[PDB]
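Below is one structure, written out as structure tokens, with a few remarks after it.
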Amino acid sequence: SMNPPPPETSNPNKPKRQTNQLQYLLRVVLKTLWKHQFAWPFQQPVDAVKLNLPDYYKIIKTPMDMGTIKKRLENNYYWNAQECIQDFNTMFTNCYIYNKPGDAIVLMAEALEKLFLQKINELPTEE
Amino acid sequence: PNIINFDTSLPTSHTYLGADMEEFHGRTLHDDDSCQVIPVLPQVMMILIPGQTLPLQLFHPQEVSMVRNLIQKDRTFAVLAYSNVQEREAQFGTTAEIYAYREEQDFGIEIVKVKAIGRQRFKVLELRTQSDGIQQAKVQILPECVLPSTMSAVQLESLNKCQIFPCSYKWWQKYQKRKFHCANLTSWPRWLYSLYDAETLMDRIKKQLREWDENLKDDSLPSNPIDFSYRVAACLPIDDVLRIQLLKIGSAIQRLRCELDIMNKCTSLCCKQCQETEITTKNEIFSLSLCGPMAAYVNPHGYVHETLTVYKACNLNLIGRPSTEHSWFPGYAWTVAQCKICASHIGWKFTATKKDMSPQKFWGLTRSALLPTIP
Amino acid sequence: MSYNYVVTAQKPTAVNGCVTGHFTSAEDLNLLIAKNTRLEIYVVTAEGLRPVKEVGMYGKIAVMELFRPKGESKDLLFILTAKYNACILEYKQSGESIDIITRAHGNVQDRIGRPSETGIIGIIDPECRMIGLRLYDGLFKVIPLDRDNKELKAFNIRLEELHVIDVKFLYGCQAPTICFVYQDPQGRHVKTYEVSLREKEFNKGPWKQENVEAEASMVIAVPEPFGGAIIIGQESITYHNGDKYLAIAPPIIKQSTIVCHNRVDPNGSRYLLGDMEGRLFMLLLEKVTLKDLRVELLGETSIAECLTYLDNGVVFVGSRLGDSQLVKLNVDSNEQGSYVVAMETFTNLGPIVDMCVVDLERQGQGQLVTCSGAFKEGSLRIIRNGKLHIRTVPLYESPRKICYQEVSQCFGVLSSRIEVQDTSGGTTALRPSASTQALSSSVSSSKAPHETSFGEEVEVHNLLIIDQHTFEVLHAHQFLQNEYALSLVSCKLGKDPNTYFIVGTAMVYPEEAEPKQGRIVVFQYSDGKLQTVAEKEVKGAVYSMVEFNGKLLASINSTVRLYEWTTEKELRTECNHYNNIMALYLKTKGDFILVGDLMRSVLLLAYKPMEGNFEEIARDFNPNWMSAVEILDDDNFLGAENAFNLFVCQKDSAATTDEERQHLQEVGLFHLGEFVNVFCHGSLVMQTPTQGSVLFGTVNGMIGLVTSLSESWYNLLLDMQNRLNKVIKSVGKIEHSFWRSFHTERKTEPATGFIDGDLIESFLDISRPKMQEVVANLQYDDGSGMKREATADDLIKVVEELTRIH
Ligand SMILES: [Zn+2]
């Protein structure tokens with residue numbers, strides 16, 4: 001029952017900038033994936049205490065959720081869009097790995113990842 | 001208590017299921033005692049009652065393929081009433097005819113939202129799991145055993161001209177003394193056959209239902225005794241075992257009798273897991289949907305909960321902030337409700353968004369978590 | 001797997017319809033009487049009547065009308081049965097061998113249609129052009145009366161007026177015209193139609209619709225030269241004939257609703273009317289067109305089910321609730337102010353609601369004491385075989401229950417009389433009954449918003465202790481206000497050697513649908529006075545009580561409770577049993593207890609003396625209205641149900657599976673034709689192929705006996721019935737298997753596990769050639785194990801042994 005503290009969202013030493021890619025990801029991709037009706041399990045970090053999953057964090061070594069991504073985008077933690085895309089794919093990969101294929105949460109993650117990949121090809125070049 | 005200005009048609013519309021669906025006006029009704037082979041949905045663990053509107057949200061490719069198959073044929077699927085659902089043990093059930101469907105694109109995966117209605121009770125004869133995984137069921141339809149007037153056998157040939165009738169309890173005493181007169185020819189009196197008459201029990205249940213639903217009995221309640229009994233059973237907050245025992249009843253007279261007996265006895269609703277924590281009372285039950293105070297609803301997860309709307313609810317803790325996302329009652333926000341002792345999920349406290357609305361706050365409890373109790 | 005034998009010990013005595021005409025001959029005057037499943041023909045003489053023929057049919061006579069089409073010498077008889085078997089019959093007499101030949105027959109039952117609330121309504125056109133049948137709502141069936149219609153083909157016509165109350169064919173019209181009273185949301189109306197045979201439809205009538213009385217019940221077709229139709233309700237007797245519109249409102253008929261009528265003068269100048277309470281009025285029509293209507297109270301007859309005017313001024317009154325009457329109508333009132341004088345009384349044992357078997361005179365010669373009749377026609381009937389001697393004790397109040405007490409040499413009878421609200425404050429009796437003329441009479445002690453009304457009826461229940469020898473109302477104890485007596489037992493309980501009358505009651509109130517309060521009261525009778533010994537309150541109605549091994553088994557709504565008799569003379573609860581149904585029927589046998597609901601819900605429990613409570617053995621649920629239950633034996637339980645039917649259920653003690661040990665197999669079904677009421681153990685013959693004897697009473701006065709047979713005897717009797725159905729002609733040619741088939745409108749099955757005794761006992765009536773034909777190639781006497789051939793004398797001896805059980 002570790003339930004490790006959620007990933008850090010703000011870093012005062014880290015520089016703050018609002019590139020075109022990051023503000024697009026925050027104002028388009030994250031808003032769309034947040035107002036979706038399959039997004040509630042990823043709005044919050046996996047509370048392994050409630051769900052009684054003592055093996056989630058022992059298998060998932062790099063946890064991630066869309067709420068952490070939101071709090072990182074709002075604090076300008078990201079320097080480039082590669083970090084945000086890596087975090088999104090890390091969340092999707094953790095959800096795929098821990099569960100068995102064909103489960104409900106797996107299909108919801110597949111839906112969200114398909115929408116994310118069809119919304120990420122619309123990536124405008126930096127200003 | 002308070003007054004209401006919500007306009008209740010929206011609960012029945014299930015506006016949370018996207019936009020306007022593709023409505024079907026046809027009706028497929030099979031004959032009595034006719035054994036049909038019907039597919040069974042996998043993720044439906046509900047004891048459906050005829051007439052009860054059932055919403056569904058399915059996204060499994062297996063589920064969507066079966067739905068596309070059924071839309072092309074007769075739009076009828078079986079809903080098993082499981083005695084022990086941990087092993088899919090079914091003996092009774094109720095058919096459900098689809099009347100609205102909507103597949104949604106610009107969406108991650110292929111998903112279909114459906115509104116169906118219960119049709120015909122049935123007994124389960126054979127449950128066969130295909131190589132696909134989806135299961136079929138060979139199934140005998142159960143007939144509606146409506147019995148004739150209990151005095152038509154005794155009836156005097158000369159009194160046949162007095163069997164048509166052109167301060168309510170005076171009228172009911174007149175009705176009793178005029179209809180069941182020939183009871184003096186039997187070993188039992190008139191007030192005993194009044195307990196087994198259809199209209200007397202219907203009026204008693206109407207008196208009991210005027211407490212909850214403020215809609216007049218002129219149009220909202222059905223006229224047929226069988227339809228009336230089914231409409232009453234659709235909104236009876238009882239556990240699964242008693243709902244099974246109620247669906248077993250074929251004769252509508254015994255259905256109405258057991259319904260009024262339950263309404264007389266069960267006064268308090270406690271938590272099912274606690275068994276010793278009063279959640280609410282029958283007096284606080286008020287109707288917010290046209291279907292009644294308790295109606296079935298579906299969430300984005302895909303689960304179907306039988307929500308009963310009450311004015312007050314005791315012994316409950318509140319979890320989470322209010323949220324209007326996929327709210328079953330438009331204009332209100334829900335908040336998770338746990339039991340005060342076992343923390344089991346009991347329902348949701350629905351609070352109004354606009355301040356002009358009424359009621360400003362009510363409760364919607366799921367039927368699966370409640371248990372009726374007599375003091 | 002039932003093996004049962006039912007036999008009729010008393011043919012039905014109730015009269016459910018009668019007519020007059022010229023059936024046997026044109027010069028004769030014939031009176032035809034219907035007794036449910038019996039038809040009686042008489043020739044009217046100046047003496048009174050003369051019995052010429054009595055026949056039995058395979059159907060309950062619902063419609064019975066006489067008519068003569070243009071071309072016949074004498075009248076023909078149309079008859080419809082409860083199973084919708086229609087037949088037109090003719091009389092034939094050659095010397096002494098009389099035969100009722102079938103002129104036409106047919107099954108007119110449609111494939112679809114809900115039976116109407118007014119029942120079967122069969123009428124005939126004056127010019128004999130068609131026969132009209134009202135069976136289903138919104139469907140009028142027509143049978144054209146032509147010389148070729150031998151299968152009785154009928155066609156349906158649609159009605160816009162769904163709820164039809166009554167209908168009659170009008171007199172004096174070119175086209176066959178019907179006049180009927182119907183109801184719509186606007187009120188009750190009368191309307192006429194013209195039935196077309198070319199178009200098979202309806203045309204507008206000779207006069208448009210009228211808005212009549214809200215309680216317009218009866219319609220009378222007036223013959224020429226008057227014409228038109230009379231509409232009679234509770235408060236107005238109007239008349240319509242084209243433009244002729246006459247209306248009266250005589251207050252003399254406001255005291256009771258008129259039910260039946262009959263035509264006196266063939267031209268339609270005088271009519272007899274009978275109300276519910278039995279009053280007989282005269283309706284006079286005064287004279288090209290009608291002048292005025294007048295109602296004059298002739299007198300007081302029995303509660304008339306039907307009326308008919310013979311001749312000489314003699315009238316016959318058929319009554320189901322009481323004895324049938326032959327009366328005389330004088331032209332001058334007597335001393336009491338009546339025009340009616342009784343001439344003769346015909347016995348009518350219906351309705352039988354309870355009875356008991358006693359060894360009265362001879363020890364062994366059993367006699368049956370039955371509570372018969374209702375209202376002023378109520379009575380006690382003492383029946384013993386000599387064909388059957390019957391003693392009548394009229395009580396002038398409705399009886400309900402009855403039992404016998406041997407040590408006190410008396411009978412306990414539950415009765416109820418009707419009283420009206422007093423003008424000041426109380427109740428007043430309409431007539432002095434047995435409860436208001438007893439040698440001693442007391443009331444009970446003790447343990448009501450919106451009280452009384454303006455002149456409404458109320459029931460008052462009494463327990464009457466009556467001597468077995470003199471039949472004088474010894475004691476008439478009255479119960480409490482707003483109380484209904486249900487059960488009655490006479491027994492000894494505990495170590496107390498005193499025999500007690502135990503009565504169960506129920507507090508019935510206008511606001512309470514189901515009674516939540518009741519009493520169990522224990523009386524003792526001695527020295528010509530009744531003292532209330534014990535009283536115990538319960539939370540419901542005490543529908544029935546039973547003596548159970550020195551204890552008292554009572555039913556209180558949905559509860560079965562056992563009471564012990566303490567030394568302090570108080571009822572002490574031992575063990576309860578809570579069920580899913582309200583225990584209406586209670587029966588016992590040793591340690592088995594049988595519980596029955598109104599909707600055929602059967603339960604069988606067993607008492608556990610070492611454990612001290614009740615344990616569920618078996619049960620069965622098949623929704624159908626019931627009436628009476630009886631325990632045949634350990635594994636056989638008999639009952640009656642809707643549509644005049646009997647059934648027998650079996651259990652399986654050993655059996656195989658615990659899930660199926662708790663089920664009752666429907667091993668026997670049968671269609672009786674009489675609504676059964678109360679079964680009871682006993683036998684009327686001096687004290688074998690049979691084992692057991694249970695008598696049963698019915699509504700139309702019929703009394704029967706049920707007994708148990710073996711396997712070989714059951715198979716032999718089934719073969720005998722199958723053989724006798726072929727050679728015996730049926731009145732109207734109705735199939736015997738179609739008559740004895742369990743006929744409910746929800747399901748129709750053949751009869752199994754039951755041997756009809758009336759068919760087996762008619763074996764001796766036919767001639768010897770038919771005997772040698774029926775016994776031909778039998779050899780189903782599998783009693784020895786192999787085949788035993790049969791002869792005629794063997795079967796004659798066997799049948800005469802089967803006639804020596806009743
Ligand atoms: Zn709880």
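Letters A, B, ... go to the chains of the structure tokens in the order shown; residues in each chain start at 1; ligands are counted from 1 in the same order.
Contacts from chain C to chain B at a cut-off of 7 Å (only C-alpha atoms) map to residues 117, 118, 119, 165, 166, 217, 259, 260, 305, 351, 353, 400, 513, 514, 623, 624, 625, 642, 643, 677 and 699 of chain C.
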Quick one: which residues from chain A are at most 8 Å off chain B, using only C-alpha atoms, as a ChimeraX atom specification?
/A:37-38,107-108,110-115
Exercise answer, 12 Å around ligand 1 with only C-alpha atoms and all ligand atoms, as number ranges by chain:
B: 269-279, 314-317, 337-347, 369-371
Would you output that residue set with N, CA and C atoms, as an mmCIF file, in the first residue's frame?
data_model
loop_
_atom_site.group_PDB
_atom_site.id
_atom_site.type_symbol
_atom_site.label_atom_id
_atom_site.label_comp_id
_atom_site.auth_asym_id
_atom_site.auth_seq_id
_atom_site.Cartn_x
_atom_site.Cartn_y
_atom_site.Cartn_z
ATOM 1 N N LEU B 269 -36.566 1.751 4.344
ATOM 2 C CA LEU B 269 -35.554 1.233 3.435
ATOM 3 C C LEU B 269 -34.193 1.451 4.075
ATOM 4 N N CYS B 270 -33.495 0.354 4.363
ATOM 5 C CA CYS B 270 -32.174 0.355 4.969
ATOM 6 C C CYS B 270 -31.130 -0.009 3.918
ATOM 7 N N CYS B 271 -29.866 0.012 4.330
ATOM 8 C CA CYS B 271 -28.786 -0.426 3.459
ATOM 9 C C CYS B 271 -28.750 -1.947 3.399
ATOM 10 N N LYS B 272 -28.556 -2.478 2.190
ATOM 11 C CA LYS B 272 -28.554 -3.927 2.013
ATOM 12 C C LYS B 272 -27.385 -4.574 2.746
ATOM 13 N N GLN B 273 -26.203 -3.956 2.685
ATOM 14 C CA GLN B 273 -25.028 -4.546 3.317
ATOM 15 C C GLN B 273 -25.063 -4.391 4.833
ATOM 16 N N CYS B 274 -25.640 -3.296 5.331
ATOM 17 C CA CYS B 274 -25.688 -3.072 6.772
ATOM 18 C C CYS B 274 -26.850 -3.808 7.425
ATOM 19 N N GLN B 275 -28.022 -3.796 6.782
ATOM 20 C CA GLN B 275 -29.246 -4.409 7.296
ATOM 21 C C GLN B 275 -29.746 -3.727 8.567
ATOM 22 N N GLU B 276 -28.944 -2.833 9.142
ATOM 23 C CA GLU B 276 -29.268 -2.177 10.406
ATOM 24 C C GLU B 276 -28.905 -0.697 10.339
ATOM 25 N N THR B 277 -29.276 -0.044 9.237
ATOM 26 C CA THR B 277 -29.019 1.387 9.071
ATOM 27 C C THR B 277 -30.115 1.947 8.168
ATOM 28 N N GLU B 278 -31.086 2.627 8.772
ATOM 29 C CA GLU B 278 -32.213 3.169 8.023
ATOM 30 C C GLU B 278 -31.735 4.251 7.063
ATOM 31 N N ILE B 279 -32.010 4.063 5.775
ATOM 32 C CA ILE B 279 -31.645 5.050 4.764
ATOM 33 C C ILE B 279 -32.773 6.044 4.531
ATOM 34 N N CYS B 314 -31.588 9.823 5.251
ATOM 35 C CA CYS B 314 -30.781 9.892 6.459
ATOM 36 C C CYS B 314 -29.657 8.863 6.415
ATOM 37 N N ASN B 315 -28.650 9.090 7.262
ATOM 38 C CA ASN B 315 -27.506 8.193 7.432
ATOM 39 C C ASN B 315 -26.766 7.993 6.105
ATOM 40 N N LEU B 316 -26.178 9.089 5.631
ATOM 41 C CA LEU B 316 -25.439 9.077 4.377
ATOM 42 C C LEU B 316 -24.283 10.064 4.454
ATOM 43 N N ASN B 317 -23.132 9.652 3.931
ATOM 44 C CA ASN B 317 -21.983 10.526 3.757
ATOM 45 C C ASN B 317 -21.847 10.902 2.288
ATOM 46 N N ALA B 337 -22.800 9.158 -2.922
ATOM 47 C CA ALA B 337 -23.377 8.964 -1.598
ATOM 48 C C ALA B 337 -22.995 7.586 -1.083
ATOM 49 N N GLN B 338 -22.302 7.552 0.050
ATOM 50 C CA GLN B 338 -21.935 6.316 0.720
ATOM 51 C C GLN B 338 -22.754 6.154 1.993
ATOM 52 N N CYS B 339 -22.844 4.914 2.460
ATOM 53 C CA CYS B 339 -23.496 4.651 3.732
ATOM 54 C C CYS B 339 -22.646 5.191 4.877
ATOM 55 N N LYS B 340 -23.315 5.576 5.962
ATOM 56 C CA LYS B 340 -22.613 6.158 7.097
ATOM 57 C C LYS B 340 -21.897 5.121 7.951
ATOM 58 N N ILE B 341 -22.143 3.832 7.730
ATOM 59 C CA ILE B 341 -21.536 2.793 8.554
ATOM 60 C C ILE B 341 -20.623 1.910 7.712
ATOM 61 N N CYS B 342 -21.153 1.335 6.634
ATOM 62 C CA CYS B 342 -20.380 0.427 5.795
ATOM 63 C C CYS B 342 -19.777 1.109 4.576
ATOM 64 N N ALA B 343 -20.086 2.387 4.354
ATOM 65 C CA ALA B 343 -19.559 3.177 3.241
ATOM 66 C C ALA B 343 -19.947 2.610 1.878
ATOM 67 N N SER B 344 -20.949 1.736 1.828
ATOM 68 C CA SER B 344 -21.406 1.208 0.550
ATOM 69 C C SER B 344 -22.123 2.292 -0.243
ATOM 70 N N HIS B 345 -21.937 2.268 -1.561
ATOM 71 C CA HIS B 345 -22.531 3.270 -2.440
ATOM 72 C C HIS B 345 -24.044 3.090 -2.469
ATOM 73 N N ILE B 346 -24.770 4.068 -1.937
ATOM 74 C CA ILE B 346 -26.222 4.000 -1.839
ATOM 75 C C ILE B 346 -26.900 4.746 -2.982
ATOM 76 N N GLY B 347 -26.387 5.919 -3.342
ATOM 77 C CA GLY B 347 -26.972 6.686 -4.423
ATOM 78 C C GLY B 347 -26.258 7.990 -4.710
ATOM 79 N N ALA B 369 -28.730 -1.495 -3.795
ATOM 80 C CA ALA B 369 -28.070 -1.276 -2.516
ATOM 81 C C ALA B 369 -29.038 -1.125 -1.349
ATOM 82 N N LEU B 370 -30.340 -1.077 -1.606
ATOM 83 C CA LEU B 370 -31.331 -0.902 -0.556
ATOM 84 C C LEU B 370 -31.978 -2.233 -0.193
ATOM 85 N N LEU B 371 -32.641 -2.242 0.966
ATOM 86 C CA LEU B 371 -33.340 -3.412 1.464
ATOM 87 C C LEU B 371 -34.565 -2.953 2.243
#
For segment 22-25 of chain B, please output as JSON, numbers by chain all residues within 7 Å (counting only C-alpha atoms; exclusion window: fewer than 3 positions along the same chain).
{"B": [99, 100, 101, 102]}
For segment 780-795 of chain C: contacts at 12 Å, only C-alpha atoms, fewer than 3 positions along chain excluded, given as a PyMOL selection string:
chain C and resi 710-720+760-761+763-764+767-777+798-802
DSSP says helix (DSSP H, G or I) for which residues of chain A? Put them as an MDAnalysis selection string?
chainID A and resid 20:34 40:43 56:59 66:74 81:98 104:120
Identify, on the basis of only C-alpha atoms, every residue whose closest approach to residue 617 of chain C does not exceed 8 Å; exclude the query and any residue fewer than 5 positions from it along the same chain; express the result as a PyMOL selection string.
chain C and resi 603-606+661-662
Selection from above, N, CA and C atoms, as an mmCIF file, in the first residue's frame, can you write it?
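Output (part-v3.cif):
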data_model
loop_
_atom_site.group_PDB
_atom_site.id
_atom_site.type_symbol
_atom_site.label_atom_id
_atom_site.label_comp_id
_atom_site.auth_asym_id
_atom_site.auth_seq_id
_atom_site.Cartn_x
_atom_site.Cartn_y
_atom_site.Cartn_z
ATOM 1 N N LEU C 603 -51.889 -26.072 -0.131
ATOM 2 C CA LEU C 603 -50.739 -26.307 0.727
ATOM 3 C C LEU C 603 -51.041 -27.484 1.642
ATOM 4 N N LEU C 604 -50.042 -28.336 1.858
ATOM 5 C CA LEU C 604 -50.167 -29.495 2.730
ATOM 6 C C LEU C 604 -49.036 -29.458 3.743
ATOM 7 N N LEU C 605 -49.400 -29.396 5.025
ATOM 8 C CA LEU C 605 -48.474 -29.326 6.143
ATOM 9 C C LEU C 605 -48.641 -30.560 7.022
ATOM 10 N N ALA C 606 -47.644 -30.800 7.871
ATOM 11 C CA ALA C 606 -47.676 -31.906 8.819
ATOM 12 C C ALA C 606 -47.266 -31.413 10.197
ATOM 13 N N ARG C 661 -40.683 -33.669 -4.073
ATOM 14 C CA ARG C 661 -41.509 -34.100 -2.951
ATOM 15 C C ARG C 661 -42.476 -33.013 -2.506
ATOM 16 N N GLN C 662 -42.172 -31.749 -2.805
ATOM 17 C CA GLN C 662 -42.987 -30.612 -2.400
ATOM 18 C C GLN C 662 -43.901 -30.124 -3.520
#
At a cut-off of 7 Å, using only C-alpha atoms, what residues contact segment 116-119 of chain B? Leave out same-chain residues fewer than 6 positions from it and give the result as number ranges by chain.
B: 48-55, 94-100
Please, could you write that set of residues out with N, CA and C atoms as a JSON list (two decimals), in the first residue's frame?
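Final output, saved to part20.json:
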[["chain", "number", "residue", "atom", "x", "y", "z"],
["B", 48, "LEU", "N", -35.69, -7.38, -15.44],
["B", 48, "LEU", "CA", -36.54, -6.47, -16.19],
["B", 48, "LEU", "C", -38.01, -6.83, -16.03],
["B", 49, "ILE", "N", -38.85, -5.80, -16.03],
["B", 49, "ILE", "CA", -40.30, -5.95, -15.90],
["B", 49, "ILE", "C", -40.94, -5.39, -17.16],
["B", 50, "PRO", "N", -41.98, -6.04, -17.70],
["B", 50, "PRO", "CA", -42.62, -5.52, -18.92],
["B", 50, "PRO", "C", -43.07, -4.08, -18.76],
["B", 51, "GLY", "N", -42.84, -3.29, -19.81],
["B", 51, "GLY", "CA", -43.16, -1.88, -19.81],
["B", 51, "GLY", "C", -42.07, -0.98, -19.28],
["B", 52, "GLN", "N", -41.14, -1.51, -18.49],
["B", 52, "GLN", "CA", -40.08, -0.71, -17.90],
["B", 52, "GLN", "C", -39.08, -0.30, -18.98],
["B", 53, "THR", "N", -38.92, 1.01, -19.17],
["B", 53, "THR", "CA", -37.97, 1.52, -20.15],
["B", 53, "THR", "C", -36.54, 1.22, -19.69],
["B", 54, "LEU", "N", -35.75, 0.63, -20.58],
["B", 54, "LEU", "CA", -34.38, 0.23, -20.26],
["B", 54, "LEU", "C", -33.40, 0.92, -21.20],
["B", 55, "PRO", "N", -32.54, 1.80, -20.69],
["B", 55, "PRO", "CA", -31.45, 2.34, -21.51],
["B", 55, "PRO", "C", -30.18, 1.51, -21.38],
["B", 94, "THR", "N", -37.57, -11.62, -19.09],
["B", 94, "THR", "CA", -38.51, -10.75, -19.79],
["B", 94, "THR", "C", -37.87, -10.25, -21.08],
["B", 95, "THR", "N", -38.60, -10.38, -22.18],
["B", 95, "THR", "CA", -38.12, -9.88, -23.46],
["B", 95, "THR", "C", -38.09, -8.36, -23.47],
["B", 96, "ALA", "N", -37.25, -7.81, -24.35],
["B", 96, "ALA", "CA", -37.10, -6.36, -24.48],
["B", 96, "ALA", "C", -37.02, -6.01, -25.96],
["B", 97, "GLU", "N", -37.96, -5.20, -26.43],
["B", 97, "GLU", "CA", -38.01, -4.77, -27.82],
["B", 97, "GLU", "C", -37.37, -3.39, -27.94],
["B", 98, "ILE", "N", -36.41, -3.26, -28.85],
["B", 98, "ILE", "CA", -35.70, -2.00, -29.02],
["B", 98, "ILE", "C", -36.60, -1.00, -29.74],
["B", 99, "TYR", "N", -36.66, 0.22, -29.22],
["B", 99, "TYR", "CA", -37.41, 1.29, -29.86],
["B", 99, "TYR", "C", -36.57, 2.50, -30.22],
["B", 100, "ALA", "N", -35.31, 2.56, -29.80],
["B", 100, "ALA", "CA", -34.43, 3.65, -30.21],
["B", 100, "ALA", "C", -32.99, 3.17, -30.18]]
Would you mind listing what lies within 8 Å of segment 583-593 of chain C as a PyMOL selection string, with only C-alpha atoms counted and same-chain residues fewer than 4 positions away left out?
chain C and resi 543-546+548-549+555-560+597-598+604-607+628-631+633-634
Write out the residues from the selection above, keeping N, CA and C atoms, as a short mmCIF file (atom, residue, chain, number, x, y, z; two decimals), in the first residue's frame.
data_model
loop_
_atom_site.label_atom_id
_atom_site.label_comp_id
_atom_site.auth_asym_id
_atom_site.auth_seq_id
_atom_site.Cartn_x
_atom_site.Cartn_y
_atom_site.Cartn_z
N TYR C 543 -61.61 -17.43 9.43
CA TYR C 543 -62.37 -17.96 8.31
C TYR C 543 -62.86 -19.38 8.58
N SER C 544 -62.02 -20.22 9.18
CA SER C 544 -62.39 -21.61 9.42
C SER C 544 -61.67 -22.13 10.65
N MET C 545 -62.29 -23.12 11.30
CA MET C 545 -61.71 -23.79 12.45
C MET C 545 -61.92 -25.29 12.32
N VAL C 546 -61.01 -26.05 12.92
CA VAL C 546 -61.00 -27.51 12.81
C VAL C 546 -60.59 -28.10 14.15
N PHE C 548 -58.41 -30.74 15.96
CA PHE C 548 -57.15 -31.39 15.60
C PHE C 548 -56.55 -32.03 16.85
N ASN C 549 -56.85 -33.32 17.04
CA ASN C 549 -56.24 -34.15 18.09
C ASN C 549 -56.37 -33.49 19.47
N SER C 555 -57.68 -20.42 11.56
CA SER C 555 -57.09 -19.65 10.47
C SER C 555 -57.40 -18.18 10.69
N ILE C 556 -56.36 -17.36 10.77
CA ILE C 556 -56.48 -15.93 11.02
C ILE C 556 -55.74 -15.23 9.88
N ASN C 557 -56.48 -14.81 8.86
CA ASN C 557 -55.90 -14.21 7.66
C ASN C 557 -54.83 -15.12 7.06
N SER C 558 -53.60 -14.63 6.96
CA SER C 558 -52.49 -15.38 6.40
C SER C 558 -51.77 -16.24 7.43
N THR C 559 -52.40 -16.52 8.57
CA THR C 559 -51.77 -17.25 9.65
C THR C 559 -52.60 -18.49 9.99
N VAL C 560 -51.91 -19.58 10.33
CA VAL C 560 -52.54 -20.78 10.88
C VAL C 560 -52.04 -20.94 12.31
N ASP C 597 -56.55 -21.70 -0.61
CA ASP C 597 -56.86 -20.31 -0.91
C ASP C 597 -58.00 -20.23 -1.92
N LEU C 598 -58.52 -19.02 -2.10
CA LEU C 598 -59.61 -18.82 -3.05
C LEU C 598 -59.16 -19.06 -4.49
N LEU C 604 -50.04 -28.34 1.86
CA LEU C 604 -50.17 -29.50 2.73
C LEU C 604 -49.04 -29.46 3.74
N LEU C 605 -49.40 -29.40 5.03
CA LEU C 605 -48.47 -29.33 6.14
C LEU C 605 -48.64 -30.56 7.02
N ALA C 606 -47.64 -30.80 7.87
CA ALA C 606 -47.68 -31.91 8.82
C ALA C 606 -47.27 -31.41 10.20
N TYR C 607 -48.01 -31.85 11.21
CA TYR C 607 -47.70 -31.48 12.59
C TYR C 607 -46.58 -32.35 13.13
N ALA C 628 -64.64 -25.31 -2.47
CA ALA C 628 -64.65 -26.29 -1.39
C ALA C 628 -63.51 -27.28 -1.58
N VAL C 629 -62.98 -27.77 -0.46
CA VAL C 629 -61.85 -28.69 -0.44
C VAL C 629 -62.18 -29.83 0.51
N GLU C 630 -61.61 -31.00 0.25
CA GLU C 630 -61.77 -32.14 1.15
C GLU C 630 -60.56 -33.06 1.02
N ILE C 631 -60.16 -33.66 2.13
CA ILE C 631 -59.07 -34.63 2.15
C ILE C 631 -59.66 -36.01 1.90
N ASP C 633 -57.78 -39.00 1.11
CA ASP C 633 -56.95 -39.87 1.92
C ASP C 633 -55.54 -39.30 1.97
N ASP C 634 -54.64 -40.05 2.61
CA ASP C 634 -53.27 -39.62 2.88
C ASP C 634 -52.60 -38.97 1.68
#
Would you work out the distance separating atom CA of residue 292 of chain B from atom CA of residue 367 of chain B, expressed in Å to one decimal?
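Interatomic distance, atom CA of residue 292 of chain B to atom CA of residue 367 of chain B: 13.7 Å.
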Would you work out the distance separating atom CA of residue 138 of chain B from atom CA of residue 620 of chain C, expressed in Å to one decimal?
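That distance, rounded to one decimal, is 25.7 Å.
We find atom CA of residue 259 of chain B and atom CA of residue 665 of chain C to be spaced 28.8 Å apart.
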